[PDB]
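Since the structure comes first, as structure tokens, the remarks are kept for the end.
Values in this text are rule-based calculations from the coordinates and carry no lab data. Cβ placement follows ideal geometry from the backbone for every residue including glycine, while neighbour counts extend to all protein chains displayed.
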Amino acid sequence: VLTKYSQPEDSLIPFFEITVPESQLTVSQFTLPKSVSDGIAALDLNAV
Amino acid sequence: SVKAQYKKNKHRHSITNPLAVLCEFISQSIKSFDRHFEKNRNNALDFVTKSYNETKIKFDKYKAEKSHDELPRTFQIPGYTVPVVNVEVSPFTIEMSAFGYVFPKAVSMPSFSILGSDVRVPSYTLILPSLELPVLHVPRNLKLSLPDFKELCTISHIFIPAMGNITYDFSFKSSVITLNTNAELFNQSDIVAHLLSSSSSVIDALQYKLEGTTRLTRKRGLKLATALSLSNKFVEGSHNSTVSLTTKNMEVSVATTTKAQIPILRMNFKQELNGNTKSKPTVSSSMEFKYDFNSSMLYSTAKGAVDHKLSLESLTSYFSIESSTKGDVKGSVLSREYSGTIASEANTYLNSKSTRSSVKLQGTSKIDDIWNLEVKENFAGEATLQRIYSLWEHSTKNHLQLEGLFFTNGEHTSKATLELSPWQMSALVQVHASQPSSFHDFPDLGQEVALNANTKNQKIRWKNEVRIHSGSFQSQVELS
């Protein structure tokens with residue numbers, strides 16, 4: 001995250017801009033009705 | 001002669017169904033609970049040592065213990081025997097330390113002896129510190145593990161009928177009509193059905209043939225395959241439905257094929273449905289319909305085709321939905337041509353980051369060369385996690401009247417768009433696209449709005465124009 005003292009073109013007031021850049025959140029692969037397990041109990045939907 | 005004979009068979013198959021997969025399943029949660037228990041102990045740990053800090057300096061050094069001591073609470077319950085349900089209850093011992101205030105002590109309870117497998121006795125051993133001594137230390141390692149519930153994990157007899165043949169024949173003799181309908185059903189292990197109806201008559205409409213097969217297995221999935229066929233001079237039906245369950249993947253195939261035999265109305269449709277699903281569910285739907293109208297008495301006819309195609313892709317990554325249909329029709333009514341058609345296309349893409357939706361519509365229809373040109377009924381909208389855009393309906397209307405003095409009519413809007421982004425807000429709206437005509441020069445309008453905002457930067461443009469008969473007015477407003 002950056003912080004910069006800037007002067008806008010369409011605003012005569014100088015400001016301080018704090019910018020958080022783009023983020024790429026990683027969502028790992030998961031399984032759907034084959035065998036689900038949420039860290040508590042392994043549930044085999046195919047078996048049922 | 002009516003036949004309704006029936007060979008009764010009370011015998012049935014008792015298929016054993018396992019439940020241990022469920023029995024271990026909740027037990028799996030228990031094991032997590034087991035470790036969760038020690039987590040609780042850790043929380044208790046965060047106090048126990050501190051509680052030790054509050055015991056010694058109060059009891060071990062200070063003279064505040066061993067004053068009028070009491071016998072520890074020990075409650076014993078002898079075992080019992082129940083021969084009716086055959087349950088043995090072992091003797092149970094409950095121990096509380098006398099020092100303190102009914103503080104819990106080490107409990108240990110084994111399992112009992114019952115008949116069958118209905119409930120499970122909570123056999124465990126929990127160890128807790130006693131206040132009779134200053135040393136208090138809950139064993140975090142020693143957890144509480146309950147035995148899994150054995151609720152008939154292997155005892156279950158699914159009942160399947162083992163039946164004979166359901167026999168029912170209907171036969172009748174006469175001199176002008178002859179019906180022989182036979183219905184039979186096979187229920188020994190699986191579902192096998194077939195119907196046969198034989199109709200014989202002098203009249204062609206009263207003489208036809210109806211037949212159909214129906215099969216459904218149970219040994220390897222519930223694979224169904226039912227096909228129908230009607231042999232009639234006026235109805236020609238061929239309905240084909242097959243559902244296959246190969247114990248791993250499902251299939252549906254619906255081949256519906258039937259046509260009409262009315263001389264004044266030749267209708268012919270078609271229906272096909274294949275709900276195939278192996279790795280990603282998908283829908284293949286296309287509906288077909290044709291019709292042919294002709295009325296000589298009313299001097300009217302109608303000839304068109306209506307179709308639709310449905311596409312659906314239930315893909316794990318994204319979900320795109322596709323739909324379009326056409327309502328084409330043509331006719332001639334009292335020496336006046338009839339037209340009209342519909343075109344649809346609703347494209348809606350969805351994603352966890354951006355979404356887009358555009359609806360394209362076509363309704364160009366005319367009533368005997370009158371009141372037509374209804375085109376461009378589209379509108380689009382896009383939503384992203386960086387920008388927003390919308391351009392709604394901006395159709396055009398230009399229609400002609402063939403009665404009077406060829407009156408022209410139709411009023412519509414131009415495009416009018418909205419653009420959104422940080423630091424940039426744009427509203428560009430051009431509207432009032434009218435059509436002047438006869439009868440003293442129908443008004444001609446028009447309106448332009450330009451809004452451009454970057455926080456403090458504000459550009460506002462507003463233009464209007466009005467035209468009436470032999471005069472006009474125009475106005476402009478500008479804010480910079």
*Taking only C-alpha pairs under 8 Å that are 6+ residues apart, what is the relative contact order of chain B in percent?*
6 percent
*Average projected area of the Cα convex hull of the range B:149-206, in nm²?*
6.4 nm²
*To the nearest Å, what is the center-to-center distance of the range B:261-314 and the range B:359-430, using C-alpha atoms only?*
30 Å
_Which residues does the label zone of A:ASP10 cover in the range B:425-468, counting backbone N under 12 Å from a point 7 Å along Cα→Cβ?_
B:425-427, B:451-460
_List the pairs from B:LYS3/B:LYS259; B:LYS209/B:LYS280; B:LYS173/B:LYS223; B:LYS259/B:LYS330; B:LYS326/B:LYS463 whose alpha-carbon separation is above 31 Å, in the order I gave them._
B:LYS3/B:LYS259; B:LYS209/B:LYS280; B:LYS173/B:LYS223; B:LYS326/B:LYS463
*If you count, for every residue in B:447-457, the Cβ atoms of partner chains within 10 Å of its Cβ, what is the mean?*
2
_chain B - mean residue ellipticity at 222 nm from DSSP helices (-39,500 (n - 2.57) per run, n ≥ 4, rounded to 500)_ = -2500 deg cm²/dmol
*Using only Cα atoms, what is the ratio of the radius of gyration of the range B:259-333 to 2.2 N^0.38 Å?*
1.57
_Can you sort B:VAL138, B:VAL477 from fewest to most other Cβ atoms within 10 Å of each residue's own Cβ?_
B:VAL477, B:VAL138
*Pairwise centroid distance, computed over Cα atoms, of the range B:441-480 with the range B:1-80, Å*: 78 Å
*Given 10 Å bins starting at zero, what is the percent of C-alpha pairs of the range B:1-116 in each, up to the one with the largest pair distance?*
9, 16, 23, 20, 12, 7, 5, 4, 2, 1, 0
*Please give the FRET efficiency for B:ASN240 paired with B:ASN86, using the beta carbon to beta carbon distance and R0 = 56 Å, rounded to the nearest 0.05.*
0.45
_Just to confirm the number: angle between the C-alpha axis of helix B:20-53 and the first principal axis of chain B, 0 to 90 degrees, nearest 10?_
60 degrees
_How much length would be gained if the chain were fully extended between B:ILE114 and B:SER314, taking 0.36 nm per residue of separation minus their Cα-Cα distance, in nm to one decimal?_
66.9 nm
*Inter-label distance for B:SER32 and B:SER335, nm, one decimal - labels placed 7 Å from Cα along Cα-to-Cβ*: 8.3 nm
*Among residues other than B:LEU216 whose Cβ falls under 12 Å from its Cβ, what is the net charge (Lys/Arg +1, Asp/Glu -1)?*
+4
*Residues B:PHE186, B:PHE439 arranged by fewest to most Cβ contacts within 10 Å*: B:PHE439, B:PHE186
*Determine the shielding of peptide A:2-14 by partner chains: average, over its residues, the number of Cβ atoms on other chains within 10 angstrom of each Cβ.*
2
_Using DSSP to call loops (not H, G, I, E or B), can you name the chymotrypsin sites (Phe, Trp or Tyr not before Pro) in the range B:324-396 whose Cβ has at most 14 other Cβ atoms within 10 angstrom?_
B:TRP392
*With a Cα-only, solvent-free Debye model of chain A, what are the log10 I(q)/I(0) values at q = 0.23, 0.25, 0.28, 0.29 Å⁻¹?*
-0.88, -0.93, -1.03, -1.06
*Would you list which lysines come within 30 Å of B:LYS61, measuring only between C-alpha atoms, while excluding same-chain residues fewer than 8 positions from it?*
B:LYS50, B:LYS105
*FRET efficiency, 1/(1 + (r/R0)^6) with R0 60 Å, evaluated for B:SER438 and B:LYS259 via beta carbons*: 0.75
